[PDB]
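Everything on this sheet refers to the single structure shown next.
Residue numbers (the UniProt record's numbering): 89 to 158.
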């Protein structure tokens, strides 16, 4: 089961490895949700940035991508 939730993440390890820039996660959210707009997803990314040049960590991605795994 290589195509688990990591399926999407691994595809974005083009620039960076394991710590993808928050930029890309915006597009990920747009690929996931149908109702919220780019401003909505951007605002969620706006508050998730782990400060690493604008990056998201593994579990940070996991928690948000699963809807809300707190």
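For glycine and all other residues, C-beta sits at the position ideal for the given N, C-alpha and C.
Taking the Cα positions, residue 141 is about 7 Å away from residue 109. For residue 130, the enclosing alpha helix (DSSP H) begins and ends at 126-134. C-alpha of residue 135 to C-alpha of residue 128: approximately 11 Å in a straight line. By the beta-carbon neighbour count (other beta carbons within 10 angstroms, threshold 16), residue 123 is exposed. In terms of Cβ geometry, residue 138 and residue 147 do not form a close pair [threshold 8 Å].
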